[PDB]
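Shown below, as structure tokens, is a lone chain in the form deposited in one PDB entry; questions about how it binds or moves come after it.
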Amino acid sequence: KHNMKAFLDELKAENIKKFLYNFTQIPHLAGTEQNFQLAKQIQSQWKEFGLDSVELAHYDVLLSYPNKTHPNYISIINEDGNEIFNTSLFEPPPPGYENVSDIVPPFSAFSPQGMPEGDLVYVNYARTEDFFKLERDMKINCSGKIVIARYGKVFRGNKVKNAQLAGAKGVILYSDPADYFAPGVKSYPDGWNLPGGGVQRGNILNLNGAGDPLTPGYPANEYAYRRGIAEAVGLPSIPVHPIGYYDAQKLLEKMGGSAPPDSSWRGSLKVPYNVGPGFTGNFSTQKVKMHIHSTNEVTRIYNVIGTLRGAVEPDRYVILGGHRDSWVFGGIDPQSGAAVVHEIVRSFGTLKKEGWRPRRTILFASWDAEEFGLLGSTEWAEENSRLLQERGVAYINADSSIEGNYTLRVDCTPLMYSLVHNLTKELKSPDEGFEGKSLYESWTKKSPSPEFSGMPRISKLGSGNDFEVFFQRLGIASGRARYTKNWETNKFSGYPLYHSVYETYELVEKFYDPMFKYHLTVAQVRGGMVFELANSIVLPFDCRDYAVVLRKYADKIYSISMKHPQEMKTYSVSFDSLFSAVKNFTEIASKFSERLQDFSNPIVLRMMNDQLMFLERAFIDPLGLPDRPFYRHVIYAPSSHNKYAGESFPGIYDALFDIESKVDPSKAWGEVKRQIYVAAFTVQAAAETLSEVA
């Protein structure tokens, strides 16, 4: 038989191991020849594996690279302008790779050039609330200062945006052992911890969904008109550079001024964590000087797009997509995901050779330039937005398969909650002490839902990965699944070796997943989701699960507003319309489910499948969110304070944010109420797409 079990059994941990090894021997930096070579290899193998067609889609996008002959670094500069301390020019390469060429040294992609010098202020994680604490409570002024912030908690671009708006003239990012060194485990190469010479790369753009900075709205094709650099989307206006904790120790040890406001501001280094500004009296004339010479350049990138035509509904598209470009070797990020995708393709191609075709078309993507702002996925979706809008059933992402070995981590639309619960009950757990138990049982046990008993946690979709354009801009049902670690508050932080040269094949084979059984579990979850979305006669979405979270989000937003009862009186701020819309959505969803259960008629079915397919679509507002035209989903958006985090009713949330500080409370509360109207309307409108059609 050709059913899901046949698909699933054909997947092998050994194949995923081999692919991972193969994809991680050299660096595959976006825009470089070696990543073009690997694109061509993936394209050739997906053809060999059986796909009906496999093409490269290329674009010319703004990327960013250090100057090879003019290295970036930071100095402590004495009063005569002698540079008495220099941060490192590279990370000490790992054993056996100390002769790899073309390892990009640590840098912040899209930093402007500059050599600012001044006094340090230490800003903790550089969160919105950390700047509130500094400026509001401690009355510390970041204007003309160089901020040094620790990585963790939030997306690094938000930190740089927050620093810039506090008036900083430069940002230094470092990894603190508090966030990137787990107690009792050894530094790479002898464990999975970050060495003091290890550095996290990453871009620091604030694109808000735009894709290529130069071509918002439209694919960066051969005839594209490009914005001038000065009108580019999302570029930081101050120099930024990242460092390891040996270098950071050196920069923080001398710091004076005010003490840390409390213990949540202290990392694990044997330094005071003085906020500053500047150094203690003896070194008070010493300054910090950045040297940043990176350049932004329009560079060609390549997505691999494979197509497996559907037997019955070829004009319906289930997309499995993940990136191929890496900072250096990509041993976790992304090749542990890409190797899983390669084996999924192999498996579907095995059944295809035996004469099987999925019911719907499956599209497989190897995205380029994810690391530089989701550029490959976005430009491709901009080019194909009409097809995706009218034909896109679902998008399953496939970045890093593992970031730990503790339990499953799922972020998806409520429309896939049931699909995921059901599939995980059919899969074996690979965890120790759950042999013979389902993945559902181990996941639910290790990662319990905060609201429901005997349910696992599933999180909301924000941004920080290639699903973003499909879900947030286009409104296509999206999901992702990976293995993760226990470490609670380290959620948006990363694993220790994230974006460092130390992220290697050996890292994975030795310390994460020696048997490739977590990878295999992840391939079963991703591939199984895709198989069901692509082959189930009725789309496997439960609209009633959306009704349930909509009420939870309404309760939550209402409780946030209700911290301001006097203003809700004065300005007549009612949530009645939103709760009404949610009630209607619940009732109408329930009736649709009855009909879906209660109908040999392919038109009713497809009509009903179209209703299911367009329900996620219905949450899109074509006017987008305020000042964020590419974030169009009214229920979810990437948090304005942390793009990695999903926020619910983002328009009302931001209208309420820090409202007690607004100068015109009438205008601010009027906007809260505008946003309530927009959300109530959109919920009601999405509900009506599920009513009888005529």
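Whichever C-alpha set is largest while still superposing within 1.5 Å between the two forms counts as the rigid core. Residue positions are given as counts along the sequence shown, with the first one as 1.
We do not show the form deposited in another entry, though everything after this point is about it.
- After superposition on the rigid core, the C-alpha displacement between this form and the one not shown reaches 2 Å or more for just one residue among 488, 137, 576, 80, namely 488.
- In the other entry, the CA atoms of residue 435 and residue 490 sit closer together than in the displayed form, by at least 3 angstroms.
- With a change of no less than 3 Å, the CA-CA distance between residue 553 and residue 491 is larger in the other entry than in the form shown.
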